[PDB]
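Containing compact mmCIF, C-alpha atoms and all ligand atoms: query14.txt.
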```txt
# COMPACT_ATOMS: atom_id res chain seq x y z
CA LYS R 1 -13.13 4.27 5.51
CA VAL R 2 -13.49 3.71 1.79
CA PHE R 3 -11.68 6.48 -0.04
CA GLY R 4 -12.52 8.13 -3.34
CA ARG R 5 -9.73 8.10 -5.91
CA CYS R 6 -9.22 11.83 -5.87
CA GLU R 7 -9.36 12.11 -2.05
CA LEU R 8 -6.83 9.33 -1.78
CA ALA R 9 -4.63 11.01 -4.41
CA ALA R 10 -4.63 14.25 -2.40
CA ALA R 11 -3.84 12.41 0.91
CA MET R 12 -1.04 10.46 -0.75
CA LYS R 13 0.40 13.61 -2.31
CA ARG R 14 0.38 15.44 1.16
CA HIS R 15 2.51 12.55 2.40
CA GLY R 16 5.08 12.84 -0.41
CA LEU R 17 4.20 9.81 -2.69
CA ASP R 18 4.06 11.75 -5.94
CA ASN R 19 7.28 10.76 -7.65
CA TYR R 20 8.61 8.85 -4.56
CA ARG R 21 11.57 6.87 -5.87
CA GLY R 22 10.34 7.57 -9.44
CA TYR R 23 6.83 6.28 -9.03
CA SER R 24 4.17 8.85 -9.97
CA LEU R 25 1.10 9.48 -7.82
CA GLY R 26 -1.19 7.48 -10.15
CA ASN R 27 0.86 4.36 -9.55
CA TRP R 28 0.15 4.57 -5.84
CA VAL R 29 -3.56 5.25 -6.28
CA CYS R 30 -3.83 2.38 -8.81
CA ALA R 31 -2.06 0.03 -6.39
CA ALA R 32 -4.54 0.89 -3.59
CA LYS R 33 -7.53 0.41 -5.87
CA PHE R 34 -6.51 -3.10 -6.84
CA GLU R 35 -5.07 -4.16 -3.42
CA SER R 36 -7.92 -3.06 -1.16
CA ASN R 37 -10.60 -1.35 -3.26
CA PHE R 38 -9.66 1.85 -1.33
CA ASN R 39 -10.84 0.30 1.97
CA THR R 40 -8.65 1.15 4.97
CA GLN R 41 -9.99 -1.84 6.89
CA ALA R 42 -9.30 -4.54 4.28
CA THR R 43 -7.69 -7.68 5.52
CA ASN R 44 -6.73 -10.89 3.70
CA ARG R 45 -5.76 -13.74 6.02
CA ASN R 46 -3.43 -16.15 4.19
CA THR R 47 -2.85 -19.89 4.65
CA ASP R 48 0.87 -19.35 5.43
CA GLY R 49 -0.06 -17.82 8.77
CA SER R 50 0.44 -14.22 7.53
CA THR R 51 -2.18 -11.52 6.89
CA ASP R 52 -2.25 -8.58 4.46
CA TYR R 53 -3.45 -5.35 6.14
CA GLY R 54 -5.06 -2.14 5.05
CA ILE R 55 -5.31 0.08 2.03
CA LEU R 56 -2.02 -1.19 0.58
CA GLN R 57 -2.37 -4.80 1.81
CA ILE R 58 0.98 -4.85 3.65
CA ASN R 59 1.96 -8.30 4.82
CA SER R 60 2.71 -9.38 8.42
CA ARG R 61 5.71 -11.67 7.71
CA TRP R 62 8.25 -9.00 6.84
CA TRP R 63 6.59 -5.65 7.39
CA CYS R 64 4.31 -5.26 10.42
CA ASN R 65 3.82 -7.24 13.64
CA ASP R 66 0.48 -8.97 14.33
CA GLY R 67 1.98 -11.28 16.85
CA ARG R 68 0.80 -14.46 15.21
CA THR R 69 2.83 -14.73 11.98
CA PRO R 70 5.89 -17.10 11.75
CA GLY R 71 9.09 -15.49 10.62
CA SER R 72 8.17 -11.92 11.72
CA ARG R 73 10.74 -9.25 10.81
CA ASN R 74 8.57 -6.19 11.60
CA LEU R 75 10.68 -3.99 9.29
CA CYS R 76 8.22 -1.08 9.44
CA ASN R 77 8.36 -1.26 13.29
CA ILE R 78 4.60 -1.08 13.73
CA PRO R 79 1.74 -3.21 14.88
CA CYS R 80 -0.35 -4.34 11.88
CA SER R 81 -3.46 -2.81 13.53
CA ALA R 82 -1.90 0.65 12.83
CA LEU R 83 -2.23 -0.17 9.14
CA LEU R 84 -6.05 -0.41 9.56
CA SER R 85 -6.48 3.23 10.61
CA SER R 86 -8.76 5.63 8.81
CA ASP R 87 -5.92 8.05 8.15
CA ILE R 88 -3.30 6.60 5.77
CA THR R 89 -0.07 7.96 7.34
CA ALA R 90 1.19 4.69 8.84
CA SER R 91 0.49 2.80 5.64
CA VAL R 92 2.22 5.43 3.52
CA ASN R 93 5.26 5.47 5.83
CA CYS R 94 5.49 1.70 5.69
CA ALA R 95 5.09 1.66 1.94
CA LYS R 96 8.03 4.12 1.67
CA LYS R 97 10.09 1.73 3.99
CA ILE R 98 9.24 -1.19 1.70
CA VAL R 99 10.66 0.67 -1.32
CA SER R 100 13.64 1.89 0.80
CA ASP R 101 14.41 -1.72 1.64
CA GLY R 102 15.30 -2.50 -1.99
CA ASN R 103 11.91 -3.19 -3.47
CA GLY R 104 10.15 -1.62 -6.45
CA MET R 105 6.42 -1.43 -6.64
CA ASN R 106 6.66 -5.00 -7.97
CA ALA R 107 6.48 -5.92 -4.28
CA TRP R 108 2.72 -5.35 -4.61
CA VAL R 109 1.24 -8.07 -6.80
CA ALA R 110 -1.82 -6.05 -7.71
CA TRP R 111 0.48 -3.21 -8.92
CA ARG R 112 2.47 -5.59 -11.08
CA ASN R 113 -0.61 -7.23 -12.53
CA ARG R 114 -3.10 -4.31 -12.83
CA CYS R 115 -1.06 -1.04 -12.97
CA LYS R 116 2.34 -1.75 -14.44
CA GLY R 117 2.47 -0.63 -18.08
CA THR R 118 -1.01 1.04 -18.04
CA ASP R 119 -2.39 4.58 -18.18
CA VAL R 120 -2.00 5.13 -14.37
CA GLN R 121 -2.70 8.78 -14.75
CA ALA R 122 -6.38 7.86 -15.27
CA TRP R 123 -6.46 7.37 -11.54
CA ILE R 124 -5.73 11.01 -10.91
CA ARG R 125 -7.24 12.49 -13.97
CA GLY R 126 -9.85 15.11 -13.21
CA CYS R 127 -8.71 15.55 -9.54
CA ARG R 128 -7.57 18.66 -7.49
NA NA S 201 -1.87 -0.78 4.12
NA NA S 202 6.56 -8.87 10.91
PT PT S 203 -1.96 14.47 6.30
PT PT S 204 3.85 11.81 5.78
PT PT S 205 -0.42 13.44 7.88
```

Show how you would write the structure in this file as C-alpha cells.
Ligand code: NA
Ligand code: NA
Ligand SMILES: [Pt+2]
Ligand SMILES: [Pt+2]
Ligand SMILES: [Pt+2]
Amino acid sequence: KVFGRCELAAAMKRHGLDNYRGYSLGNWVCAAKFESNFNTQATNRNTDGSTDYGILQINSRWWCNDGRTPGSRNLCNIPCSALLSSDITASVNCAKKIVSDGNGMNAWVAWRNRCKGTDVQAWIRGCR
C-alpha cells in the first residue's frame, strides 16, 4: 500500500505517535515520506548483508529477523516480513522500541537529513 500523508498521519496518531518521546506527529510522517515514499512494501537490500524493511525502513541487523543477516539481535522480536504489512501496527510498535532502546529519531538517516530542523508540520497541515 502507498499511503497518503493525511491517512498515514491519522493511522500513526491512532497508534500513539503524536508526541511519542517528544517527537510530534509531523516528524513521523516526514520520516516515512523520505524513508519509503509512504510505501509499506519498500525494501532496500544493503551490501552488509542487512535489509531495510517497510514504511520506516527498519534494518534487519538490530531490529527484526530476516534469517539471513549477520549479527542479528532481533530487538523488536518480529520477523522482518511483518514490517511489510499493509497495516502499520508492527512498524509503529518497532519504531517505538527503537526509541525506547536509547535512540532518538536520529536513528533514521532520512529523518536526520530531510526532517530535522524543518517545518515538519507541513506534513500534517490540512489533515483531519
Ligand atoms: Na517499517
Ligand atoms: Na535482527
Ligand atoms: Pt489501528
Ligand atoms: Pt498501537
Ligand atoms: Pt491498530

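Distance check against residue R:56 using only C-alpha atoms: of R:76, R:115, R:95, R:122, the minimum falls on R:95.
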
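Here atom NA of ligand NA 202 (chain S) is placed at a distance of 18.5 Å from atom CA of residue R:109.
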
Could you produce a table of the residues of chain R lying within 12 Å of ligand PT 205 (chain S), with the nearest pair of atoms per residue and their separation in Å rounded to one decimal, using only C-alpha atoms and all ligand atoms, ordered by chain and increasing residue number, as CSV?
```
residue,atom,partner,partner_atom,distance
R:10,CA,S:PT205,PT,11.1
R:11,CA,S:PT205,PT,7.8
R:12,CA,S:PT205,PT,9.2
R:13,CA,S:PT205,PT,10.2
R:14,CA,S:PT205,PT,7.1
R:15,CA,S:PT205,PT,6.3
R:16,CA,S:PT205,PT,10.0
R:86,CA,S:PT205,PT,11.5
R:87,CA,S:PT205,PT,7.7
R:88,CA,S:PT205,PT,7.7
R:89,CA,S:PT205,PT,5.5
R:90,CA,S:PT205,PT,8.9
R:91,CA,S:PT205,PT,10.9
R:92,CA,S:PT205,PT,9.5
R:93,CA,S:PT205,PT,10.0
```

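Residue neighbourhood of residue R:78, excluding near-sequence residues (fewer than 2 positions): residues 64, 65, 74, 76, 80 and 82 of chain R, at 7 Å, using all atoms listed in the file.
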
Using all atoms listed in the file, the shortest atom-to-atom distance to ligand NA 201 (chain S) among R:19, R:103, R:40, R:47 belongs to R:40

Next item on the list: Could you please extract the residues within 6 Å of ligand NA 201 (chain S), counting all atoms listed in the file, and hand them back as a ChimeraX atom specification?
Entry: /R:53-58,83,91

The distance between atom CA of residue R:5 and atom CA of residue R:17 is 14.4 Å

(Q) Distance limit 8 Å, reference ligand NA 202 (chain S), atoms considered: all atoms listed in the file. Which residues make the cut? Give them as a count of residues only. (A) 15

Using all atoms listed in the file, the best pick from R:50, R:100, R:27, R:41 as closest to residue R:81 would be R:41

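The residue set within 8 Å of residue R:2, counting all atoms listed in the file and dropping same-chain residues fewer than 5 places from it, reads residues 37, 38, 39 and 40 of chain R.
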
One residue among R:113, R:96, R:68, R:123 is nearest to residue R:46 when using all atoms listed in the file, and that residue is R:68

If you count all atoms listed in the file, the residue of R:106, R:44, R:51, R:36 closest to residue R:1 turns out to be R:36

Separating atom CA of residue R:29 from atom CA of residue R:43, to the nearest tenth of an Å, is a gap of 18.0 Å

Please, which residues are within 9 Å of (-6.7, 19.0, -7.0) by the file's coordinates, counting only C-alpha atoms, and could they come as a PDB file with C-alpha atoms, in the coordinates of the input?
```pdb
ATOM      1  CA  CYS R   6      -9.220  11.830  -5.870  1.00  0.00           C
ATOM      2  CA  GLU R   7      -9.360  12.110  -2.050  1.00  0.00           C
ATOM      3  CA  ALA R   9      -4.630  11.010  -4.410  1.00  0.00           C
ATOM      4  CA  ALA R  10      -4.630  14.250  -2.400  1.00  0.00           C
ATOM      5  CA  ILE R 124      -5.730  11.010 -10.910  1.00  0.00           C
ATOM      6  CA  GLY R 126      -9.850  15.110 -13.210  1.00  0.00           C
ATOM      7  CA  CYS R 127      -8.710  15.550  -9.540  1.00  0.00           C
ATOM      8  CA  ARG R 128      -7.570  18.660  -7.490  1.00  0.00           C
TER       9      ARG R 128
END
```

The residue from R:3, R:77, R:125, R:34 with the smallest atom-to-atom distance to residue R:97, counting all atoms listed in the file, is R:77

Practice item. Excluding residue R:108 and residues on its chain fewer than 3 positions from it, collect all residues at most 8 Å away from it, counting all atoms listed in the file, and give them as number ranges by chain. Key: R: 31, 35, 105, 111-112

Once N, CA and C atoms are restored for stretch 25-54 of chain R, what would the output be as a compact mmCIF listing (two decimals), in the frame of the given file?
```txt
# COMPACT_ATOMS: atom_id res chain seq x y z
N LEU R 25 2.27 9.57 -8.67
CA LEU R 25 1.10 9.48 -7.82
C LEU R 25 0.09 8.42 -8.35
N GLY R 26 -0.19 8.41 -9.66
CA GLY R 26 -1.19 7.48 -10.15
C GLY R 26 -0.85 6.04 -9.87
N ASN R 27 0.45 5.72 -9.93
CA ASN R 27 0.86 4.36 -9.55
C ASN R 27 0.39 3.90 -8.17
N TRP R 28 0.51 4.83 -7.22
CA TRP R 28 0.15 4.57 -5.84
C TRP R 28 -1.36 4.43 -5.69
N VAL R 29 -2.11 5.32 -6.35
CA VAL R 29 -3.56 5.25 -6.28
C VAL R 29 -4.09 3.92 -6.93
N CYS R 30 -3.51 3.63 -8.10
CA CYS R 30 -3.83 2.38 -8.81
C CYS R 30 -3.54 1.16 -7.93
N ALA R 31 -2.37 1.15 -7.25
CA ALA R 31 -2.06 0.03 -6.39
C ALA R 31 -3.10 -0.13 -5.30
N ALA R 32 -3.52 0.96 -4.64
CA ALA R 32 -4.54 0.89 -3.59
C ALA R 32 -5.86 0.41 -4.12
N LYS R 33 -6.27 0.85 -5.30
CA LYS R 33 -7.53 0.41 -5.87
C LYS R 33 -7.54 -1.10 -6.00
N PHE R 34 -6.48 -1.69 -6.58
CA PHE R 34 -6.51 -3.10 -6.84
C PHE R 34 -6.05 -3.98 -5.67
N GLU R 35 -5.35 -3.43 -4.67
CA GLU R 35 -5.07 -4.16 -3.42
C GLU R 35 -6.29 -4.22 -2.55
N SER R 36 -6.97 -3.11 -2.29
CA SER R 36 -7.92 -3.06 -1.16
C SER R 36 -9.26 -2.48 -1.57
N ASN R 37 -9.40 -2.09 -2.82
CA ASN R 37 -10.60 -1.35 -3.26
C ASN R 37 -10.80 -0.05 -2.41
N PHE R 38 -9.71 0.59 -2.09
CA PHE R 38 -9.66 1.85 -1.33
C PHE R 38 -10.19 1.73 0.12
N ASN R 39 -10.28 0.53 0.67
CA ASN R 39 -10.84 0.30 1.97
C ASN R 39 -9.70 0.18 2.99
N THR R 40 -9.67 1.14 3.90
CA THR R 40 -8.65 1.15 4.97
C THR R 40 -8.70 -0.05 5.92
N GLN R 41 -9.83 -0.69 6.00
CA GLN R 41 -9.99 -1.84 6.89
C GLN R 41 -9.80 -3.20 6.25
N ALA R 42 -9.44 -3.25 4.97
CA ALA R 42 -9.30 -4.54 4.28
C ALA R 42 -8.24 -5.42 4.96
N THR R 43 -8.61 -6.69 5.04
CA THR R 43 -7.69 -7.68 5.52
C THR R 43 -7.78 -8.91 4.59
N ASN R 44 -6.69 -9.60 4.39
CA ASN R 44 -6.73 -10.89 3.70
C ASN R 44 -5.82 -11.83 4.52
N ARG R 45 -6.44 -12.77 5.13
CA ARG R 45 -5.76 -13.74 6.02
C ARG R 45 -5.32 -14.94 5.19
N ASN R 46 -4.05 -15.17 5.11
CA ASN R 46 -3.43 -16.15 4.19
C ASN R 46 -3.25 -17.50 4.91
N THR R 47 -3.06 -18.57 4.14
CA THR R 47 -2.85 -19.89 4.65
C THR R 47 -1.45 -20.11 5.22
N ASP R 48 -0.49 -19.25 4.89
CA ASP R 48 0.87 -19.35 5.43
C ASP R 48 1.05 -18.76 6.82
N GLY R 49 -0.07 -18.35 7.43
CA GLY R 49 -0.06 -17.82 8.77
C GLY R 49 0.09 -16.30 8.81
N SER R 50 0.33 -15.68 7.65
CA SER R 50 0.44 -14.22 7.53
C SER R 50 -0.85 -13.59 7.12
N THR R 51 -1.01 -12.31 7.28
CA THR R 51 -2.18 -11.52 6.89
C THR R 51 -1.69 -10.26 6.17
N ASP R 52 -2.47 -9.82 5.20
CA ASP R 52 -2.25 -8.58 4.46
C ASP R 52 -3.23 -7.57 5.03
N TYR R 53 -2.70 -6.37 5.41
CA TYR R 53 -3.45 -5.35 6.14
C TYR R 53 -3.55 -4.01 5.39
N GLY R 54 -4.75 -3.52 5.37
CA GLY R 54 -5.06 -2.14 5.05
C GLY R 54 -5.10 -1.76 3.61
```
